[PDB]
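Please see the structure below; I have some questions.
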Amino acid sequence: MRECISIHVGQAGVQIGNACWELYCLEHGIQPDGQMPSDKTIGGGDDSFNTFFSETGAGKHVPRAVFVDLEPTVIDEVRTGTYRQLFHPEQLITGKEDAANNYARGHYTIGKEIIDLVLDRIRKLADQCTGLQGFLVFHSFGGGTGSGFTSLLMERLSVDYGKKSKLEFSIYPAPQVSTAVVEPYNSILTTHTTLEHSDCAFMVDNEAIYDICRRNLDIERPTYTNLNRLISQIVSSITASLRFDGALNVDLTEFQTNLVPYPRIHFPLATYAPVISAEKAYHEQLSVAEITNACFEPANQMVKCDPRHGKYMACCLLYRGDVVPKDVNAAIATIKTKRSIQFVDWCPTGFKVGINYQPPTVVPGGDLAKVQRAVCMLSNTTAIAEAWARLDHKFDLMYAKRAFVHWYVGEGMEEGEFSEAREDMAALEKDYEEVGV
Amino acid sequence: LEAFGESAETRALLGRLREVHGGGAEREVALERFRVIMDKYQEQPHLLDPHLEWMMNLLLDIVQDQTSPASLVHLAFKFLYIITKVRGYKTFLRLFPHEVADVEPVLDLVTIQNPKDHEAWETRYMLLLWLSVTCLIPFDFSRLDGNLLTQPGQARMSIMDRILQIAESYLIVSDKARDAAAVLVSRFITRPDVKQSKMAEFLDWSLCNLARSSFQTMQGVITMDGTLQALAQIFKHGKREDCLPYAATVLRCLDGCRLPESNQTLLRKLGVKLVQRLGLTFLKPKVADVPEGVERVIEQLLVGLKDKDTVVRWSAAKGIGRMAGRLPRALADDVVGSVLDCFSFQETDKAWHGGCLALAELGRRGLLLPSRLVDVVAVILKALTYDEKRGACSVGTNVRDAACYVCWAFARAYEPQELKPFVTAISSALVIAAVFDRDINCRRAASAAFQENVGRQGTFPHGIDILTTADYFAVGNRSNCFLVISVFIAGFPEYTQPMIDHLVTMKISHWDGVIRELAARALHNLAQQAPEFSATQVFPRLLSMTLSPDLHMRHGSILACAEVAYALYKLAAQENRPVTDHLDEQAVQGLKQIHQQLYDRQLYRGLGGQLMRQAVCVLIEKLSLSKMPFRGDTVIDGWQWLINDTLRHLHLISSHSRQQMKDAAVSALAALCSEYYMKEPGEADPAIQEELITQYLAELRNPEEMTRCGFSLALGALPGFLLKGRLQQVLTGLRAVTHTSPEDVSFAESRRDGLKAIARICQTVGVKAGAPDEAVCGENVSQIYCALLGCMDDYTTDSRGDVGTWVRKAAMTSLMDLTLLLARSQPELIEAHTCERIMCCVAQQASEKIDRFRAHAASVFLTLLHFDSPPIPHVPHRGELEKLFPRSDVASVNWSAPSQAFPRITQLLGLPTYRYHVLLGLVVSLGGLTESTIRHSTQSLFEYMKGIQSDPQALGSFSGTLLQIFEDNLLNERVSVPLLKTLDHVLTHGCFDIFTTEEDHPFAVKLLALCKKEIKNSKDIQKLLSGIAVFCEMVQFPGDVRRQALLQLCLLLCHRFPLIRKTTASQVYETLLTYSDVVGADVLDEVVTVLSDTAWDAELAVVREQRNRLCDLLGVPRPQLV
Ligand SMILES: Nc1nc2c(ncn2[C@@H]2O[C@H](COP(=O)(O)OP(=O)(O)OP(=O)(O)O)[C@@H](O)[C@H]2O)c(=O)[nH]1
Ligand SMILES: [Mg+2]
C-alpha cells in the first residue's frame, strides 16, 4: 500500500485542510479525539483509510497532514479548536512575520527561514510511511504565503523527491473577494514557478463558488466557512477514489495519465452535483441522469467559461452512492443523444467512468443536505484558457504603470521575472490555441 | 563671530521681563527669542565670556528682590538656566555671589520650592547649584546659626541639617534637579565640619539606597543612578584620608548590587565610574602595600572594556589609565599585558575599541615600556585597517578612530630614539589612512595625529612637506585625497609601494562600488609615478584577482587592470612607443582570456551579471582606446558579441542601472569599431560592415522596447568611415522607428533614442556637398529636418503620464546639433521656412507648464539665437529677440522658475510670426492645474495686455489669434478646458472692455458658437464648469449674444447633475451682482430671491418651474423637450 501527505499553507489553505479533515473524520466515524470504533486492527497494518491516517500505540488516528502558516493567529484557532486532540502539536508550524501579500517575501525573506523547518517536518513525517505517492499541496494566488512559499517548497520537493507526484488545489481569485490589488502579481509568479513541479492543478473560481452558495445553498452573504465546506466536499468526492479503493484513479500517477494528456496543459475542469439546501431535505429527487446532465452546465462548473465553444481533451466521471450500472449507461446515452459536444480525435485519452458504493455525508447542522447519490466530473478543456485571458489582462493593466512592482524587486527577485512569467503565459496561451485548432 | 553684536537686543529683552511676566504668548515669544539668540554661540560660547557677569546680575536683581512675584522670579531663573547650558555651569557659576550674607537667603529660597511642580524645574535646578556655590565659604555652618535655643517650644533646625535634608530629598527626584543635587553634595560633605557631622549619616543613607533599590522599579533605578553619581562625585572631590576608611564597605556593597548584569547603560557606566573612584583611594598620587581590593577593582575595570556600549568602554579606559598611572612600574606591565588580551582572535570588534582606548590612555601618561613596542605597534597596524562587513552593515569606524587616538598619544609616550625603530611602519600607516580612509572623521583624526607627531618628534620622512599639503581642511573632500593628494604623497619613494599595496589589497576588495571606482581612478594616476612597479608587480596581482570567486573583488581587479592599461598607454603615447613595451606577453595573453573565463563560468547571471558586464565593457573600452594588438584574433569577435547580448537583454538589467549599462556598452562599441574594424586607411571591412549593419537594422523591428532603445544609440555611435556608402539605409531605418504606428503607440523611448542617434550620425559624417550615402548633403538634409520635426508634436498621454515630452526633449537637443553643424559647414542648407518652423516650435516648448522641459527649451533657444560664428541666417525679428534677451542678462536667469520666465516669454506676442505659437503654448500654462504657474502666467499676460487694451487693432488681432487657436484645437480635450479657463480669466479681468461698447461684435458672435459646439453633449465636470463660467463671463457683451448666453445659462441650470445645477445658479448670482445694466431695477429684487430660496439641488421637475420662472423674468424664451 501507499499513503499520501497533504501540506496546507496560507489561511485559505489551512482552512480547507481543516474542513477536509473534519469531513473525513465524520465520514470514517473517527471521533474528534481520534477513536475509530469500527477499526479492529490496532497498532498498524493496511486498510483503505490508512492512506491518510497514521495509527499509534493508543489507537490514535493522526491525520497525515502538515499545517504551516507564517502567522500564529490562524494556527491558534486550530490549536484551541475542537479538533486539538486530532492533529499533533509538531505538525502545526507557525511564523512570526507574514508576507503582507507579497511573493518576493514569501519566496525569499520569510520563506528562507521556514523552508528548512518545513522540509525537516515533511521528512520526519514521511519516515513512518513505507511508500509515498505524492504531495497534495493546498494554496491560493491572492496572498504572499500561498504563492511564494508554495513555489519555494515545490522547488525543493522536485529535488528531494523527484519520483513522486505533486498535485495541487489552487484557488483562482476573484475581483469581489480580492483583498489586495497586487493579488494578480502573486498569481502569475507562482503559476510560472510550479509549471515544471506539478502534474495536475485544481483551480477554484471564487466568484463561481460565491454564486453557487448564493443560488443553490440560498445564502444572502456567503462567508469563508460556506466556501470552505464546499471545497471540502469537492476534495472528498475527488479523493474517495484513493480513500475507498476505487477502481478509477487508484493512485496519484493516474491523474496525470487520465486528465493530463499534455505536460504543459494541466488545469482540468472539476464540477460536482447535486447542491441541495438544508431546508429542502426531502423536496425533490434527482436520478443518475438528472445529476449527470447538471454537470454539463456552465453555472454548475467551478470556473466561469463556455465549454460549448471549445473541445474536451479528457473526461472522468465519478459517482458516489446508490448508482446502478444501468442508470449510468442510461445517463450516458441521454448525454450522448441530447447535448452536442466536441472532442479531440488525436488525444491519447478518452472518457472514463467510476463508481464508489458509499453513502454521501454532510456536516450536521450546516447548510448542505444529505443526498442519496452524487456525481463529480473532471474534464480538461480549452475553455479554461478564457479564465487566463482575464488574469493576464489585469497584469497588463498593472504593467503599463509598474505600480507596486518596486516592492517586489526590493526584496530578492529582479525585474526579468515578470518578463519570463508573462512570456510563459504567452506560450501557454499559444499552446491552448493550437490544441483548440 | 568675533564679538557679541546683539547686546542692545538682549538688554531690551531682559528689561522687558518686568512687563511680560503676566503674559502667556509674549512670554513664550521672548523665551524663544532669548533661546535663538543664545544658540548662535553654542559652538564657541567663550566669545560671550566678557558679557556673562552683566546679564547674570540683571537676572539676579529680579530674583534677589523682595517685591518679586513667583511668576516673575521663575522667568528670570529660566533665563539664568539658558545661560548655564550654553556657557555651562562649571564656568558660569564661578561668577555667582559667594558672600556670607548669601547662605540663608539661598537656603530659605530652596525651602519654598514645589517638588511636584514640573513646570518650574529650571527654578529648582538654579536653586541647588547656587546653594552649592555657597558651601565654599571658609567658615563653620555653626557660626552662621548663632543660637538655636532662641525659639522656646520648638528649636530651629541647623543650616547644615537643612542642607542634608534638601540633598537627600532632591537625590531621589525624576526631573533634572537630581543632577543639581549631585553637584551640591560634592561641595557639602567635602568640608571639615560636615565631614565630622553628617558623613556617616549620608554614607548609611547611600548604602541603604543601594541595598534596597533595584534596576527594574522606575523610582528604584532613579534612586540607584543618583546615589552612584553622588558617591562618584564625593570620591572624586573628596580628601583621600577621610575617604579611604569607607572604600572597603562601598566596594563590598557595589559588588552585591550586581550592576554589570543589570540591563541599564547609565547604571553600569556610573558603577564602573564609582569602581575607578575607589581604586585610586588605595594608591598614592604620583607625579611623572597594594591592598587586595586593588586586584578586584582591576578585575572589574578590565571587564568594562568588553561592554556593548561605547559610553561604558570610554569610562573603563579612563579608569584603567588613571589606575595604571598610580600603581608602581611593576604592576603596570601586568596591567598592559592583561589589557592587550582584548585584541584576541575570539574577541569581537567592540572589545578592540576599549583596548585601543585603554592603550591611548596609558600612552598619554607615558607608562608603556619599550619592551611593549614590538607588540602594541603590531596591533595598531591592524586597528588602522579595521573595516569589516557584518551582514548588511559595516563596522570598523570606531576601531580606526581609537587607532588614530593611540597613534596621536605616541608622540609623548616614547623618546625620539625609543620610537626610532617603527617610524617606517607608523609613518606609512598614518599617511596611508589619512589618504584612503572612508570616513572623514578618521581621515582628519589621522591628519591631527600626524601633525602632532611631526611637531613634537619630527622624525617622519618629509613631515613638514606632508603636513603643509595634507592639512586639516585639505583632507575634507574624499575625492581630493584619492586623485590629487595621493599623487603628491607618492611623489616620494617612501610612500609609493605601501600605498599601492594597501589600495590593491583592501580597497579593491571593498564592498562599496563607489569606493572601488575611486580606488581604481586613484590607481590610474598613481601608475604614472611608478610605471615599472605597476606593470611588473601590480598587473600580475590584479590579473590573478580577475579569476577570484568573489564578485566585488573580480570587479575591482578588472577596473584596476583597465585603469592601469589606460595609464600605461597614455604614458607610452608620449614617447611614441607601443603599449606592449610595459605589459609582457604573459600580461597581454591574460588580457585576452578575462571575458572567455567569465562567459564559461556563466558569471553574467544574477544580480552580479550587470556588474560583470559593466566591468568587462569598461575593460574593453580601455583596451580599444589604447590600440592593443588583438586585431585578427578571435577574441575581438567575442567582445563584440558581449555588447550585442547586452543590447538584447537591457530589460533584464535593473531600472537603477540600465542607462549607465547602455551608455557603457555604446562607448565600448564605438571604441571597438574605430580600432578593430578598419581594413585600410579610410576604408572598412566589407564583411563586418555588412553583417553588423544588417543585424542592427533587422533588430530595430523587435517588439521589445529596450532593445530598440539600445540599438538606436548603437547606430548613433558608429564611426564615419563605416558609413561611407550605407547612410541612405541607416537613416531610413532610424526614421522608420521615429514614426508612431498603431502598435507602437506607447513606444516613446525608442523614438527618443532614434532622434539622438540621428543627431550623432549627422555630426560624425559631417557635410560633403555631392555624396548622399557618405555624408549629409543637400539631398538627404530635408528628410532629416522633416523626421526631427515630426517628433515635436508627440503629446502621447498614457497611465505613465505625458511620456511624449521625453521625445520632445530629444527633438530639442537633436534639432540643435544639426543646425549648429550646418552653420559650421554649409549654412545655405538652413532654409528660411525650416528655420522659422524650428524657432516657433522651440518657442512653444519654452512656453509650456512643466518646469524642467520649459527651462531646457529656453536654453536651446538662447544657444540658437546667441550663435554668431557664423550667424544663423533667416531668423525672424532676430534683432528684436536679441534686444529682448541680452547676453548680459542671460548669465543669470531662472528659466525653471515661472516668475523669471513667463514675464520674459509673454513679450514674444508682439512679433506676429511668434504671436500664434507662443499663445498656443502659454494657453496650457494659463489653464493648467499648477497654482503658481497659473498665477505667474496670468500676471505676465495681463502685464502685456495692459499695453494693447486701448488699441482696437492690436486687441483685435490678439482676439483673432486666440480664436484661431481655439478653432484649430476644436474638440481637443488637451486644449479645450485650458483655453476655456484662459478665456474666463481674460473676461473676468476686463481686457476686452472696448468690444463691449457696440452690439454684436464679430469676436463674441463666433466665440459663443464655438463654446456651444465645444460643450455640446459633454459629461466632464471640469469642462461643464469651464463652459458655465465662460457663458457667465460673456454676458458683458450686449446684443443677441447676451440673450443667447442667458438662454444657455437657463438651459444649464436644469442639468442632470445637481452639482452643476447649484454651481450655475451660484455663478449667475455673481454675474448679476457684477453687471447691473444687464437687468433693470424693475425685475432685480425678483431674481435674487428666486435664486436664494429655490433649492437647485432638489427635485429637477420642481426646479424646472422656478428655472422657467427665471426665463420669464430675464426675458429668455422657455425651451422645450425636442
Ligand atoms: N476559497 C477561499 N479563498 C480564501 C480563503 N481565505 C482566503 N482566501 C483567498 O485567498 C487570497 C488571500 O490569500 P491568503 O491565503 O489569505 O494569504 P496568504 O496566502 O496566507 O499570504 P500572506 O497574507 O502574504 O501571509 C484572496 O484571494 C482570498 O479571497 C478561504 O478560506 N477560502
Ligand atoms: Mg496569512
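Heads up, the Cβ atoms here are built off N, Cα and C, so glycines get one too.
The motif 'MREC motif' annotation in Swiss-Prot covers A:1-4 and is backed by similarity to another entry. Marked as GTP binding site by Swiss-Prot on the basis of similarity to another entry: A:10-12, A:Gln15, A:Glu71, A:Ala99, A:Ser140, A:143-146, A:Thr179, A:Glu183, A:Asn206, A:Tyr224, A:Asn228, A:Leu252. Per Swiss-Prot, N6,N6,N6-trimethyllysine is recorded for A:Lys40, and the stated evidence type is similarity to another entry. Among the features that Swiss-Prot reports, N6-acetyllysine is placed at A:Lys40. The annotation phosphoserine is assigned in Swiss-Prot to A:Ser48, A:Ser232 on the grounds of similarity to another entry. Per Swiss-Prot, active site is recorded for A:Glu254, and the stated evidence type is similarity to another entry. According to Swiss-Prot, the feature 3'-nitrotyrosine maps to A:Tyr282, an assignment based on similarity to another entry. As annotated by Swiss-Prot, ubiquitin cross-link applies to A:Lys326, A:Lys370, with the evidence given as similarity to another entry. Look at Swiss-Prot and you will find A:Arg339 tagged as omega-N-methylarginine.
I'd like these features described in context: how deep, what's nearby, how far apart.
Note on the motif 'MREC motif' (A:1-4): residues 46, 50-52, 54, 64, 129-136, 242, 251-252 of its chain, located 6 or more positions outside it, place their CB under 8 angstroms from a CB of the stretch.
Within the same chain, residues at least six positions away from A:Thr145 (GTP binding site) with a Cβ under 8 Å of its Cβ are A:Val9, A:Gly10, A:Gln11, A:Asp69, A:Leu70, A:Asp98, A:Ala99, A:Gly106, A:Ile110. A:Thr145 (GTP binding site) falls outside any helix or strand according to DSSP and counts as coil.
In this structure, A:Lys40 (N6,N6,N6-trimethyllysine) belongs to neither helix nor strand by DSSP; it is coil.
The 10 Å shell around the Cβ of A:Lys40 (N6,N6,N6-trimethyllysine) contains 8 further Cβ atoms across the protein chains shown.
Non-local contacts of A:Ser48 (phosphoserine) by the CB criterion (under 8 A, 6+ apart in sequence, same chain) comprise A:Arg243, A:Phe244, A:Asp245. In the three-state DSSP reading, A:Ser48 (phosphoserine) counts as coil.
Its Cβ taken as reference, A:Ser232 (phosphoserine) is surrounded by 21 other Cβ atoms within 10 Å in the chains shown. Classification of A:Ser232 (phosphoserine) by DSSP places it within a helix.
In the three-state DSSP reading, A:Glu254 (active site) counts as helix. Listed in sequence order, the residues of the same chain lying 6 or more apart from A:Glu254 (active site) and placing their CB within less than 8 Å of its CB are A:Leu248.
DSSP assigns A:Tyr282 (3'-nitrotyrosine) to coil, not to a helix or a strand.
Around the Cβ of A:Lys326 (ubiquitin cross-link), the number of neighbouring Cβ atoms within 10 Å comes to 9.
In sequence order, A:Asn293, A:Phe296 are the residues of the chain that are 6 or more apart from A:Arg339 (omega-N-methylarginine) and have a CB within less than 8 Å of its CB.
Residue density at A:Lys370 (ubiquitin cross-link): 13 other Cβ atoms are found within 10 A of its Cβ, drawing on all protein chains shown.
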Counting other CB atoms within 10 A of each CB, which of the binding-site residues A:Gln15, A:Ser140, A:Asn228 comes out lowest?
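Checked A:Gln15, A:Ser140, A:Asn228; of these binding-site residues, fewest Cβ neighbours within 10 Å: A:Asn228.
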How many Å separate the Cα atoms of A:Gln15 (GTP binding site) and A:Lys326 (ubiquitin cross-link)?
39
List, in residue order, those recorded positions out of A:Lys40, A:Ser140, A:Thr145, A:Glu183, A:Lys326 with a Cβ under 6 Å from any atom belonging to ligand 2.
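Cβ under 6 Å from ligand 2: A:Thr145.
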In this structure, which of the recorded positions A:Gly10, A:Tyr282 has the fewest other Cβ atoms within 10 Å of its Cβ?
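Relative to the other recorded positions in A:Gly10, A:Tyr282, A:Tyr282 has the fewest Cβ atoms within 10 Å.
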What recorded positions among A:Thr145, A:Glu254, A:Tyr282, A:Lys370 have a C-beta sitting less than 6 Å from any atom of ligand 1?
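The recorded positions passing the 6 Å Cβ test are A:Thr145.
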Under 8 Å Cβ-Cβ from A:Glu183 (GTP binding site), six or more apart in the same chain: what's there?
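A:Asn101, A:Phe141, A:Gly142, A:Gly143, A:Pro173 - these are the non-local Cβ neighbours of A:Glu183 (GTP binding site), listed in sequence order.
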From the Cα of A:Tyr282 (3'-nitrotyrosine) across to the Cα of A:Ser232 (phosphoserine), what is the distance in angstrom?
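For A:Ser232 (phosphoserine) versus A:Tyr282 (3'-nitrotyrosine), the Cα atoms are 23 Å apart.
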In whole Å, note down how far the CA of A:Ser140 (GTP binding site) lies from the CA of A:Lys40 (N6,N6,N6-trimethyllysine).
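Checking the Cα atoms of A:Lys40 (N6,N6,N6-trimethyllysine) and A:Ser140 (GTP binding site) gives a distance of 39 Å.
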Find the one among the recorded positions A:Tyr282, A:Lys326, A:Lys370 whose C-alpha lies closest to that of A:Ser140 (GTP binding site).
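For A:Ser140 (GTP binding site), the spatially nearest of the recorded positions is A:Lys370.
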How big is the Cα-to-Cα gap, in Å, between A:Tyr282 (3'-nitrotyrosine) and A:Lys326 (ubiquitin cross-link)?
25
Given A:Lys326 (ubiquitin cross-link) and A:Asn228 (GTP binding site), what distance in Å do their CA atoms have, once rounded to a whole number?
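A:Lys326 (ubiquitin cross-link) and A:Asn228 (GTP binding site) have their Cα atoms 34 Å apart.
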Run through the motif 'MREC motif' (A:1-4) and tell me, per DSSP, how many residues are helix, strand and coil.
0 helix, 2 strand, 2 coil
Using DSSP reduced to three states, classify A:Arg339 (omega-N-methylarginine) as helix, strand or coil.
coil
